[PDB]
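There is one chain below, alone, in structure tokens, taken in the form deposited in one PDB entry.
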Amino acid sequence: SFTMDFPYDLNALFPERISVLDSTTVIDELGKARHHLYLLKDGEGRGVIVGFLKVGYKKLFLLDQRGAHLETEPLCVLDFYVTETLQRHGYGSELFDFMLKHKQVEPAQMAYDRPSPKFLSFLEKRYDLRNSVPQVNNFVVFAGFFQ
């Protein structure tokens, strides 16, 4: 058994629509705002869930470095969040490094679904992913993806 608290924001942006019922009333609604989801908690001292990371495979139609079309099905980062007040504490790096270690895969080999400015900075500074191959499908892949 274990305890689980969701900050307001992480609770709403949860990448899974979940209704929790009590034998019949509802305890919590998450998500109002081939796959693997990673969650992370901290003793603080009364516990709390601080981040989540969802990755999964997805068939993608991409352009290569010279515009040639091509299909591929890489592991993709689909959702990635750390409750706001606790960003830049290292939690993001924790979740991400675990995922890589166990999925046994490198950042440059992944596609990134609609990364935000914070996530881009995170990828660029922490994993030196800087050179992106332009897409038109809202996924971001870097040069290593094709090498």
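Rigid core (definition): largest C-alpha set, two forms, superposition within 1.5 Å. Don't overthink the numbering: it's just position in the shown sequence, from 1.
Peer 1: Going by the record, give me the number of deposited-sequence residues missing between residue 44 and residue 45 as none, 1 to 3, 4 to 9, or 10 or more.
Peer 2: Unresolved stretch here: 1 to 3 residues.
Peer 1: Taking residue 33 and residue 34 as adjacent modelled residues, how many residues of the deposited sequence between them have no coordinates (none, 1 to 3, 4 to 9, 10 or more)?
Peer 2: The entry has a long gap there, with 10 or more residues left out between residue 33 and residue 34.
Peer 1: When the Cα temperature factors in the entry are averaged, is it 87-95 or 110-118 that ends up higher?
Peer 2: It is 87-95.
Peer 1: Quick one: say whether 3-11 or 138-146 has the higher mean Cα B-factor in the deposited entry.
Peer 2: Between 3-11 and 138-146, it is 3-11.
Peer 1: When the modelled residues of the chain are sorted by Cα temperature factor, does residue 66 land in the lowest, middle or highest third?
Peer 2: Middle third, going by the recorded CA B-factors of the chain.
Peer 1: Thinking about Cα B factors across the chain, which third does residue 20 belong to?
Peer 2: Ranked within chain, residue 20 CA B lands in the highest tercile.
Peer 1: Relative to the other modelled residues in the chain, which third contains the C-alpha temperature factor of residue 82: lowest, middle or highest?
Peer 2: For residue 82, whose C-alpha B-factor we compare with every modelled residue in the chain, the answer is the middle third.
Peer 1: What third of its chain's C-alpha B-factors does residue 49 belong to: lowest, middle or highest?
Peer 2: Highest third of the chain for residue 49's C-alpha B-factor.
Peer 1: Where does the C-alpha B-factor of residue 60 rank in its chain, lowest, middle or highest third?
Peer 2: Tercile = lowest for this residue's CA B-factor.
The next section is about a form of this same protein that is not shown, the form deposited in another entry.
Peer 1: Would residue 130 count as moving between this form and the one not shown, using a Cα shift of 2 angstroms or more after superposing the core as the test?
Peer 2: For residue 130, whose C-alpha is compared between this form and the one not shown after core superposition, the shift is less than 2 Å.
Peer 1: Tell me whether residue 14 and residue 84 end up closer or farther apart in that other deposited form, going by their C-alpha atoms; the shift is 3 Å or more.
Peer 2: Note: Cα gap between residue 14 and residue 84 widens in that other deposited form.
Peer 1: Please say whether the CA atoms of residue 18 and residue 51 come closer or move farther apart in that other deposited form, knowing the change relative to this form is 3 Å or more.
Peer 2: Closer together, by at least 3 Å.
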